[PDB]
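Let's start with one chain on its own, the form deposited in one PDB entry, as structure tokens.
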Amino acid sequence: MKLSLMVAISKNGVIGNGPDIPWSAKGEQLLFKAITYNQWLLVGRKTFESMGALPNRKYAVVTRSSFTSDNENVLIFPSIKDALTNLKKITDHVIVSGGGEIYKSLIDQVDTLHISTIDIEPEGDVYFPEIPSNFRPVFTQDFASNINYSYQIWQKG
């Protein structure tokens, strides 16, 4: 089973402010929607509760409480380890989609990074892990918008 990771990182490393993403760069959301279409996403409970279950995606949500969901596209797991154990039996690809705790736990296990660098330096308290040395960028594209952003795909190798 392949593991991807998708995140938008502001220029100072902030990816979140409380439960929110502290920016709105018009168009960057299109990358997220395109790459995650009909994919399995692994998200922590805080980010899931904050984003909700968008259509045309499947969600594996991890929680140590007894958080539930009656949405048919949402599975809940008591641990990241159990999510992975089960996911590899029901799909061949999972996209790690946050938040901060989930990226910290999974960064060293993923095969492909999707990183949008957002041209802003906002206030926030959630950060992205430092990127392991074996990842290298293989594709880059710049976008002009209300807040500029740059999309970059990294591969392990």
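Just count from 1 along the sequence shown to find any residue number. For the two forms, the rigid core is made up of the largest set of C-alpha atoms that agree within 1.5 Å on superposition. Shifts are known only where both forms have a C-alpha.
Visitor: Comparing 49 to 57 with 109 to 117, where is the mean C-alpha B-factor higher?
Guide: Per the PDB entry, the higher value belongs to 49 to 57.
Visitor: Which of the two stretches, 65 to 73 or 30 to 38, shows the higher mean Cα temperature factor in the record?
Guide: Comparing 65 to 73 with 30 to 38, the higher mean C-alpha B-factor belongs to 65 to 73.
Visitor: Sort the modelled residues of this chain by their C-alpha B factor and say whether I9 lands in the lowest, middle or highest third.
Guide: Lowest third.
Visitor: Split the chain's modelled residues into thirds by Cα B-factor; is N146 in the lowest, middle or highest one?
Guide: Highest third - that is where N146 ends up once the chain's C-alpha B-factors are sorted.
Although not depicted, the form deposited in another entry is the subject of the following passage.
Visitor: Inspect the rigid-core superposition and answer whether the C-alpha of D20 shifts by 2 angstroms or more between the shown form and the other one.
Guide: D20: C-alpha displaced by 2 Å or more between the shown form and the other one.
Visitor: Relative to what's shown here, the Cα pair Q29 and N17 differs by 3 Å or more in that other deposited form. Does it come closer or drift farther?
Guide: Residues converge in that other deposited form, at least 3 Å closer.
Visitor: Report the direction of the Cα distance change between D20 and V43 in that other deposited form, compared with the displayed form, as closer or farther; the change is 3 Å or more.
Guide: Farther apart, which means the C-alphas of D20 and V43 are at least 3 Å more distant in that other deposited form.
Visitor: Rigid core superposed, please list the runs of 3+ consecutive shared residues whose C-alphas all move by 2 Å or more between the shown form and the other one.
Guide: After superposing the rigid core, the only shifted stretch between the shown form and the other one is 16 to 23.
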